[PDB]
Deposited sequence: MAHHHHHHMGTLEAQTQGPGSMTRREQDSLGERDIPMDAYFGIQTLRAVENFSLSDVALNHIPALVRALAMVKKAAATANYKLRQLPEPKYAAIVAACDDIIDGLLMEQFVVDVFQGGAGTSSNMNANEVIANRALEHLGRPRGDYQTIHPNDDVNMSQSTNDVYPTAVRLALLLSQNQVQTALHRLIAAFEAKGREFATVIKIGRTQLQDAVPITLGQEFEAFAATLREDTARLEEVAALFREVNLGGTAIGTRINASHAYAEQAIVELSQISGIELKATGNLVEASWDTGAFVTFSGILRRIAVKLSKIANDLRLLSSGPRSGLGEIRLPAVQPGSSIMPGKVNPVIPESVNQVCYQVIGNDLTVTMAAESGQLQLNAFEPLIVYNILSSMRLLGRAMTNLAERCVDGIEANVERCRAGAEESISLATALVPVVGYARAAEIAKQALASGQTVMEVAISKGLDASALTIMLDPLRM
């Protein structure tokens, strides 16, 4: 061990560690979940990018000296490129409003930067975690800026998955365009529709979230960096470094506690979860059986069965999706509570908030990808079973009204229900023309 010192006193730190005393304290202070900052690596990379922006802004503004600027920029590039992730060890449930994550960055960046200067660990007389790495910065504009960037960095995985699942539902809508089946309202047999229309409707509801997701995420572009001249500078560098176009917030006093964008964005994750769960529930119900459920579609069998129980297909991929959806809805309540609990000039609970949102983005992204790839793409229609449902439709009797009158049609409907026959069968047996029914049964 090497021995380090901060304002509280002395501790012994593994020489193998790139983190320093303040991080070690945080590890014992907030050991709560065995979930560390490295399990949310987007926040780590965002933290390294903000630090680079700030070193550059200090350098160009003559504030920070030139050998320091350059060793620290190197160090940040190292992390941005995915090195030293295991050095990010503070619990996601950390108190301190982001301070412990800021410090974990500052200290790791300092040590790494020393190691670029051929100097040993803890040599903070050369590169200081606070004095240098943190120069012109405080946690209350750094951490909120890095949270927003982490979410901006994470948008693409969600968008890609959503588009992929939309495409999968679209393809099946085209494949099943000719597959007639019975619509069901309140789970009672309704009027004929196509299975293709049902799948196209899964696509269409989700298509509505793509643009909305993008537009709410754009709210995160408005950042408070340099909120304590230097500010305008750091923001410019952060835009180039991150590859995302950022802008200074119009109101700093408003921004200091504002969690509004976090609430809106979580609310769209929630909205996608609600739709996705309903769709998964439909898939489980449509594939019920194989003999005594609806038996309208077959899902790909992705888990092995028993030779003596063939035809049993547990709809495990939709089940996993349902679970992710319930989790996302609970995590949204978690975010609501943290957001509601802000006080005066700060919300202290952004670490909780960013952990729940990034987690929910991961969960939903993966669930949609799995749902498309390991289920939707391989769904097959039981064409004959779908047709049987539509042809047994009591609603077919309504197409007889023009020709025979309401009362007689209703009497033909009653006779069909009683005798187990199709409306067409009952119409035929009466010496009637059932041509209008044929039209109700035409997907085209």
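- Unmodelled regions of the deposited chain sequence (numbering from residue 1, in sequence order): 1 to 22, 251 to 260, 477 to 478.
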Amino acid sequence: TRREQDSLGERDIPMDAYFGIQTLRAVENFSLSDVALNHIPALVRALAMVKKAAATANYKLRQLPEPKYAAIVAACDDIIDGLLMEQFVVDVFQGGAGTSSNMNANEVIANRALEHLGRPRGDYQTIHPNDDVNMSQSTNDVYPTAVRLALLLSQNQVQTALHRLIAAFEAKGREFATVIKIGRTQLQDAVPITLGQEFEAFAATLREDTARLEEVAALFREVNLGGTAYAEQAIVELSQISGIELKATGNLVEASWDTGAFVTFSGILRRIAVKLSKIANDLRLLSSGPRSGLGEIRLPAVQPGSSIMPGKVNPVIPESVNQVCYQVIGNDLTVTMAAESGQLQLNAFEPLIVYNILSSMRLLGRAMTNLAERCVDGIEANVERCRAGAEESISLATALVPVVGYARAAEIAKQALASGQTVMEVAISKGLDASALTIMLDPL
From here on, numbers count along this sequence of modelled residues.
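- In this entry, 66 to 74 shows the higher mean Cα temperature factor of the pair 385 to 393 and 66 to 74.
- Here 343 to 351 and 247 to 255 are compared by their mean Cα B-factor, and 247 to 255 comes out higher.
- The entry lists C-alpha B-factors for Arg284, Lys172, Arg270, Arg119, and the highest of these is at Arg119.
- Residue set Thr264, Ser277, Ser101, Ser136: peak C-alpha B-factor at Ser136 (per PDB entry).
- In this PDB entry, the Cα temperature factor of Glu198 sits in the bottom third of its chain's modelled residues, the lowest group.
- For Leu363, the recorded CA temperature factor ranks within the lowest third of the chain's modelled residues.
- Ranked against the other modelled residues of its chain, the C-alpha B-factor of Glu208 as given in the entry falls in the middle third.
- In this PDB entry, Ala229 carries a Cα temperature factor that places it within the highest third of its chain's modelled residues.
- Ranked by Cα temperature factor within the chain, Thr334 sits in the lowest third according to the deposited record.
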